[PDB]
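Visitor: Sequence plus experimental coordinates follow:
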Amino acid sequence: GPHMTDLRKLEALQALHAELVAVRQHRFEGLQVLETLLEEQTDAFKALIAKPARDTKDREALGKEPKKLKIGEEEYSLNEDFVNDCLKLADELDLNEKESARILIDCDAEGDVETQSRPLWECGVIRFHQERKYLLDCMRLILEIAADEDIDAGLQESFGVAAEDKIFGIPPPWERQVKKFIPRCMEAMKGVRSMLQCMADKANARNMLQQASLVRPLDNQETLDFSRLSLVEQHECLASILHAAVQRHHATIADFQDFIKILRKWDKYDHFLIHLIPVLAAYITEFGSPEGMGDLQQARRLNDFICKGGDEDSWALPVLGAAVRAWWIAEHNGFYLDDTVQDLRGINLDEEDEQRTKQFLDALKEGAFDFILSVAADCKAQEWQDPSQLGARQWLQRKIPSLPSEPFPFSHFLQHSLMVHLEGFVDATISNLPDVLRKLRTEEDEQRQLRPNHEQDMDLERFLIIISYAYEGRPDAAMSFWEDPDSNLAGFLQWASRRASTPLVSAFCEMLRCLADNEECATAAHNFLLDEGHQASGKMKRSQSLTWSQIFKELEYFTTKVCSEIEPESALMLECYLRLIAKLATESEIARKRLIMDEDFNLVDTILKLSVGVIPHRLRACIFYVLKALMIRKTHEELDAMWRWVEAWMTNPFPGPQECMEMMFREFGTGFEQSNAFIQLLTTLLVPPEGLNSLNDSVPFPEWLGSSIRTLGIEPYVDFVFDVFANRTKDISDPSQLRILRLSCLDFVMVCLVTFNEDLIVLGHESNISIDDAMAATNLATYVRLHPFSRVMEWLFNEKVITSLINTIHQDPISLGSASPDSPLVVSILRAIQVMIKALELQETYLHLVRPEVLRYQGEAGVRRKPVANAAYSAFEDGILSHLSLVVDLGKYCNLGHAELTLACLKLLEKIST
């Protein structure tokens, strides 16, 4: 890449980082400049963010002779103001006065005071932390490159030795008082933790006075927030590096013991702790697993150090210790599976598998699986919710305290690493402790049979949920269930599907849904739920309880009950069933067709019945999302069939059918969850089978739709979406849901506009319609009538609808810039703007061609579709440009750094401006 010759420490580290990213993204154009920067940071690399201690000699010097500063080779001149910033920086960071001065000179020189507009001493803080973070992330990248199997073996290995040498301080194979790496790494992480704490304490005290007196943010609050986030990211990088050191066999038993001792003293469930969980897993896999070291005289000695010798106050977080014991036992019991690979003579398999099973089951009662599940849930926790899975994996009890509410999202490399180890743990217990799982099941069944009103243990359920996270979004890994029916994991799947309690069935369907993230996996799950070649004479499938048959019999029953309250467990189960149906349908064409064209299941017809009855909104939402799932891909026959289905129940839900339709629309638009889902459904039903952005001379639904009782076309449906967007959104309190719902509405609109083939209509006017044999002038003329384009345009000329577009676009620019480009906030604004652009691009074809044809038609018909357009607006500009906020916001947003958004603001501004 392009760089200057004499880069200062930070800029140098940033350069190296950029080169490392390149190599990591398979760009080897700058390997030569990468190496030059590597050797340039050798010292810093071995120093591992070591922080020079504050000193009296330099303090006494700085103030007494505040004139000429000499650092290393060069000379600078101090002004009484600069010298004060050094003392301020040295205090804030408890840093060497000289090192502080150096940092401030790099700040002044590079002039990041103006680049970040902050006091000089604050810039020092930021630079100090930037250097640390980049240094550590460079190491993480080097290790990550050393493990990249998709690059030249030579590079992969040379980066390996580089990592061994520069990071872990292990000389290369061709050569050779020091403190071993891991001990240094642990001290480094310790420093970071304490610096965050010390920083938090000081900040708390100062904020307390701030909020009490001035009730406004601290002057350096931005720098504070940044320093916290960094420190946490630093620890995360160190935790990743440590994890690498362990796997690379650089750890000693002592290191393993010192680590466990550190976990034993750990007295807070926080982000730092979760960073160490992968490290723990590696340590367990190294010193106790079958795959790791195999000195059992030691692997068992450690067992007594981990489990036995249990003092009552040995763990500050007893629940953590439980998780540690469980994890260890799961991996350590793998030694005793076979003899072809291991020597098991002298071992009391009987008494031990007894005592092991006991102390493991005890761990579960102590909260082992509540801790592990909570760690997985928090690590994979997303920032915004997918409305189609609200409640999923959220119904099991949790005694583990929430993570401190912080803006500390876990890096992908940490999340992935953790999931990989959970996969191992899941595999270990399933294959090493099947006995324990059978007992859990019997224990829980026995519980809800004899103590229906008492707290039921849910550790078996938790286990399935843990599995769901481990394999979530990883089909390659998930195939280990669908590959070999004789395998352990595949067996566990079949064992779980046996007759189960409602909670365990829900937990199972939750699991399956996360084991179907592609065509192959989804198809496998689909075939699994079938009675495959098994109408009779069942080997696997006779004992199997959970099947499509049971699912559709359970659904079919609940429909007769509700149409003549549902119990929480029942509701949950039905919701898990539906979410599962939806998942497979969208991921598997085989599954989709079967589900939609099966007379035994009668899926569509039955779930539509269910929606008519009085059911919880979240359950009806699940129904709508299934209907959408069956339409994600589609043909014309299926599509027409679906529209026929929907119309049937909208009008005849078992007095006037159109009055019944009013009834159903008013209900479906009630509340976020179900209104959002229904609008999502209608949107999908309008996306042609040929795909969005297609050009065909046909409306995407049965032309004769509504022919029986109403105005032909889907105007009642379009009117519904706009009534939500325009009026019903007023009832949504939660901002993020308001945004999601608005986005849904706007996507519906966008689809109505995009699928309108204007090029086809314009060509018609001049030629086909008036000056030639016109068989098809009618054909297109009818198209112009039925396509939602007319009605959608008519709505876009409505006062309220325009106001809502403005309201959607008008948002707090500060929180807008902080938002993610994919967040509903940004995207909902973008989509609103994009609707305005599209409207402007099509309003001519609408005003001089479509509108008059539609107004003409009804003249003789009779129906005067209740007016929605505002006669005051002769053009779309007359409406939107009456809101001065609009053009102002467009200008503002260009400066918020959201490329796609800005790009849209410009497109619209050009159409508006003079």
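Guide: Perfect, thanks for sending it. Numbers count the residues shown, from 1 in each chain.
Visitor: got the contact list for stretch 695-711?
Guide: Applying C-beta atoms under 8 Å, 6 or more residues apart in numbering, the contact partners of stretch 695-711 are 639-640, 643-644, 647, 651, 657-658, 661, 685-690, 712-714, 716, 755, 757, 759-760, 776, 779-780, 782-783, 786-787, 863, 865. To be clear about C-beta, it is placed using only N, CA and C from the backbone, and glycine gets the same treatment.
Visitor: Tell me which of those residues fall in strands.
Guide: With strands taken from DSSP state E, there is no overlap with the contacts of stretch 695-711.
Visitor: Just those residues: which are in helices?
Guide: Residues of the contacts of stretch 695-711 located in helices (DSSP state H): 639-640, 643-644, 647, 651, 657-658, 661, 685, 716, 759-760, 779-780, 782-783, 786.
Visitor: How about stretch 622-632, which residues are buried there?
Guide: Judged by neighbour count (16 or more other C-beta atoms under 10 Å), stretch 622-632 contains these buried residues: 622, 623, 624, 625, 626, 627, 628, 629, 630, 631.
Visitor: now stretch 335-343
Guide: Neighbour-count burial for stretch 335-343 [16+ other C-beta under 10 Å]: 335, 336.
Visitor: Output it in CSV, but only the C-alpha positions, please.
Guide: Only the C-alpha atoms of stretch 335-343 are listed here, as CSV (Å, rounded to 0.1, in the frame of the first residue of the first chain):
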residue,chain,number,x,y,z
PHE,A,335,-10.7,-41.2,27.3
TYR,A,336,-12.8,-44.2,28.4
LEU,A,337,-14.8,-44.8,25.3
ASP,A,338,-12.5,-47.2,23.5
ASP,A,339,-9.4,-49.4,24.0
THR,A,340,-7.9,-49.4,20.5
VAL,A,341,-6.6,-45.9,21.0
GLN,A,342,-6.1,-45.8,24.8
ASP,A,343,-5.1,-48.1,27.7
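Visitor: Pretty sure residue 315 sits in a strand.
Guide: No: Residue 315 is assigned coil when assessed by DSSP: H, G, I helix; E, B strand; the rest coil, not a strand.
Visitor: give me every residue that touches the nearest residue to it once chain neighbours are set aside.
Guide: With C-beta to C-beta, 6 or more residues apart in numbering as the criterion, residue 315 has its nearest non-adjacent residue at 3.5 Å, and that residue is residue 321. With contact taken as C-beta under 8 Å, 6+ apart, residue 321 is in contact with 263, 264, 314, 315, 366.
Visitor: gap between the helix or strand hosting residue 321 and the chain center?
Guide: Under the criterion of DSSP states H and E, residue 321 resides in helix 318-332. From the chain centre to the centre of helix 318-332 is a distance of 28 Å (C-alpha atoms, centre = their mean, to the nearest Å).
Visitor: likewise stretch 465-474?
Guide: Chain-centre distance of stretch 465-474: 13 Å, with C-alpha atoms, centre = their mean.
Visitor: What are the buried residues along it?
Guide: Across stretch 465-474, burial judged by 16+ other C-beta under 10 Å covers 465, 466, 467, 468, 469, 470, 471, 472, 474.
Visitor: In CSV, list the residues you listed along with secondary structure.
Guide: Formatted as CSV, the buried residues of stretch 465-474 follow (three-state DSSP):
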residue, secondary structure
465, helix
466, helix
467, helix
468, helix
469, helix
470, helix
471, helix
472, coil
474, coil
